[PDB]
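Data block for start.csv (CSV, C-alpha atoms):
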chain,number,residue,atom,x,y,z
A,1,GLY,CA,-17.7,54.8,197.9
A,2,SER,CA,-14.0,54.8,199.1
A,3,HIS,CA,-10.7,55.6,197.3
A,4,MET,CA,-7.2,57.0,198.1
A,5,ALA,CA,-4.2,58.5,196.1
A,6,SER,CA,-0.5,59.3,197.0
A,7,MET,CA,2.9,59.9,195.3
A,8,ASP,CA,6.1,58.0,196.2
A,9,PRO,CA,9.5,57.1,194.5
A,10,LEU,CA,8.6,53.4,194.7
A,11,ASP,CA,5.6,53.1,192.2
A,12,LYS,CA,7.7,52.0,189.1
A,13,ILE,CA,10.9,49.9,189.8
A,14,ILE,CA,10.0,48.9,193.5
A,15,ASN,CA,9.9,45.1,193.0
A,16,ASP,CA,10.3,44.6,189.2
A,17,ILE,CA,13.1,41.9,189.3
A,18,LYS,CA,12.0,39.5,192.2
A,19,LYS,CA,8.3,38.5,191.9
A,20,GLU,CA,5.4,38.5,189.4
A,21,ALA,CA,1.6,38.4,190.1
A,22,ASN,CA,-1.9,39.1,188.7
A,23,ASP,CA,-4.9,40.9,190.3
A,24,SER,CA,-8.5,41.9,189.2
A,25,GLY,CA,-8.1,45.5,190.4
A,26,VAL,CA,-4.9,47.3,191.7
A,27,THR,CA,-3.4,50.8,190.9
A,28,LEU,CA,-4.6,53.4,188.3
A,29,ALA,CA,-1.3,55.1,187.1
A,30,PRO,CA,1.7,53.7,185.1
A,31,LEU,CA,3.5,57.0,184.6
A,32,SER,CA,2.1,59.9,186.7
A,33,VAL,CA,-1.2,59.9,184.6
A,34,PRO,CA,-4.7,58.2,185.1
A,35,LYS,CA,-3.8,55.5,182.5
A,36,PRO,CA,-2.8,56.9,179.0
A,37,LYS,CA,-5.0,56.1,175.9
A,38,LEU,CA,-4.0,53.4,173.4
A,39,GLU,CA,-5.3,52.1,170.0
A,40,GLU,CA,-2.6,49.9,168.6
A,41,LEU,CA,-4.1,46.8,166.8
A,42,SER,CA,-4.0,45.3,163.3
A,43,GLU,CA,-7.1,45.8,160.9
A,44,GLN,CA,-8.7,42.5,161.8
A,45,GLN,CA,-7.7,42.7,165.5
A,46,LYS,CA,-9.3,46.2,165.7
A,47,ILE,CA,-12.6,44.8,164.3
A,48,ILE,CA,-12.6,41.9,166.8
A,49,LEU,CA,-11.9,44.4,169.7
A,50,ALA,CA,-14.6,46.8,168.3
A,51,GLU,CA,-17.3,44.2,167.4
A,52,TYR,CA,-17.1,42.7,170.9
A,53,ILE,CA,-17.5,46.1,172.8
A,54,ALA,CA,-20.2,47.1,170.2
A,55,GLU,CA,-22.2,44.0,171.0
A,56,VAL,CA,-21.7,43.8,174.8
A,57,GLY,CA,-21.3,47.5,175.6
A,58,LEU,CA,-17.7,47.8,177.2
A,59,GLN,CA,-19.4,46.6,180.5
A,60,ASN,CA,-19.5,42.8,180.1
A,61,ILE,CA,-15.9,42.3,178.7
A,62,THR,CA,-13.1,40.7,180.7
A,63,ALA,CA,-9.3,40.6,180.3
A,64,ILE,CA,-9.5,36.8,180.4
A,65,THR,CA,-12.1,36.6,177.6
A,66,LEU,CA,-10.6,39.5,175.6
A,67,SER,CA,-7.2,37.7,175.9
A,68,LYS,CA,-8.9,34.8,174.0
A,69,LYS,CA,-11.1,36.8,171.5
A,70,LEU,CA,-7.9,38.3,169.9
A,71,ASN,CA,-5.3,35.5,171.0
A,72,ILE,CA,-3.3,38.1,173.0
A,73,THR,CA,-2.1,38.2,176.6
A,74,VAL,CA,-4.1,39.2,179.7
A,75,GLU,CA,-1.7,42.1,180.1
A,76,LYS,CA,-2.7,43.5,176.6
A,77,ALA,CA,-6.3,42.7,177.3
A,78,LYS,CA,-6.4,44.5,180.7
A,79,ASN,CA,-4.6,47.5,179.3
A,80,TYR,CA,-7.6,48.4,177.0
A,81,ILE,CA,-10.1,48.0,179.9
A,82,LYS,CA,-8.0,50.4,182.1
A,83,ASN,CA,-7.5,53.3,179.5
A,84,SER,CA,-10.6,52.8,177.3
A,85,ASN,CA,-13.7,52.7,179.5
A,86,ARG,CA,-15.8,56.0,179.7
A,87,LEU,CA,-15.3,56.7,175.9
A,88,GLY,CA,-17.7,53.7,175.3
A,89,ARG,CA,-20.3,54.9,178.0
A,90,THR,CA,-21.5,58.6,177.5
A,91,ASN,CA,-19.5,61.7,176.7
A,92,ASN,CA,-21.8,63.6,174.2
A,93,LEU,CA,-23.0,66.4,176.6
A,94,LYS,CA,-21.8,69.7,178.1
A,95,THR,CA,-23.3,69.5,181.6
A,96,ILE,CA,-22.5,66.7,184.2
A,97,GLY,CA,-22.5,68.7,187.6
A,98,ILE,CA,-18.7,68.0,187.7
A,99,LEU,CA,-19.2,64.6,189.5
A,100,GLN,CA,-20.3,66.7,192.6
A,101,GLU,CA,-24.2,66.7,192.5
A,102,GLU,CA,-25.1,64.1,195.2
A,103,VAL,CA,-29.0,64.4,194.8
A,104,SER,CA,-31.8,61.8,194.4
A,105,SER,CA,-29.4,58.8,193.5
A,106,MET,CA,-26.9,58.3,196.4
A,107,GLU,CA,-28.8,59.8,199.4
A,108,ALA,CA,-26.9,57.5,201.9
A,109,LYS,CA,-24.0,57.5,204.4
A,110,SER,CA,-21.6,55.1,206.2
A,111,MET,CA,-19.9,55.0,209.7
A,112,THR,CA,-16.9,53.6,211.7
A,113,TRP,CA,-17.0,51.1,214.6

Have the structure of the file written as structure tokens, please.
Amino acid sequence: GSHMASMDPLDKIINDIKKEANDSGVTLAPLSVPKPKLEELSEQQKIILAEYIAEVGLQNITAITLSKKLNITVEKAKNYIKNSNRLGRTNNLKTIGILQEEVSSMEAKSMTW
């Protein structure tokens, strides 16, 4: 696909006392890290969170609906989806080609006009 990263002094406090907004996919780092892992729920809250992902496979959940499964905020709900994602996919193996195979799956290209 397409992606980009950079480092600047204005990733933290840039605009944090003028305007607020909400988007379905922007940024991937809160503190110089690719989202830190979090598991801070009550016993019943943890079971609601778990039984949802265990039924729908961490791939059909939404911060809107997860906000309403647990009676939380969208900002809590979206935090889980950003840190806890590949843990619920597949990680029980010792060879993956280090995300650098590019054979018999994505045998395609793109161009500029």

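Distance check against residue 37 of chain A using all atoms listed in the file: of A:104, A:83, A:2, A:71, the minimum falls on A:83.
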
- Of the residues A:70, A:106, A:64, A:56, which is the one nearest to residue 42 of chain A, using all atoms listed in the file?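 Using all atoms listed in the file, residue 42 of chain A sits closest to A:70.
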
- Message: Between atom CA of residue 1 of chain A and atom CA of residue 107 of chain A, what distance in Å does the model show, to one decimal?
- Response: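 Atom CA of residue 107 of chain A lies 12.3 Å from atom CA of residue 1 of chain A.
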
- For atom CA of residue 13 of chain A and atom CA of residue 31 of chain A, determine how far apart the two atoms are, in Å to one decimal place.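 One can read the atom CA of residue 13 of chain A to atom CA of residue 31 of chain A distance as 11.5 Å.
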
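Atom pair atom CA of residue 25 of chain A / atom CA of residue 50 of chain A: separated by 23.1 Å.
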
- Restricting the calculation to only C-alpha atoms, which member of A:66, A:14, A:108, A:47 is positioned closest to residue 78 of chain A? A:66

- Task: Compare A:11, A:93, A:112, A:62 by their minimum atom-to-atom distance to residue 75 of chain A, counting all atoms listed in the file, and give me the closest one.
- Result: A:62

- Message: Excluding residue 65 of chain A and its own-chain neighbours fewer than 4 positions away, which residues fall within 12 Å of it when counting only C-alpha atoms? Please give them as a ChimeraX atom specification.
- Response: /A:49,52-53,60-61,69-74,76-78,81

- Closest of A:8, A:23, A:101, A:55 to residue 88 of chain A - atom-to-atom distances counting all atoms listed in the file: A:55

- Residue nearest residue 35 of chain A - candidates A:105, A:86, A:98, A:79, atoms counted: all atoms listed in the file: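 The answer is A:79, which sits nearest to residue 35 of chain A.
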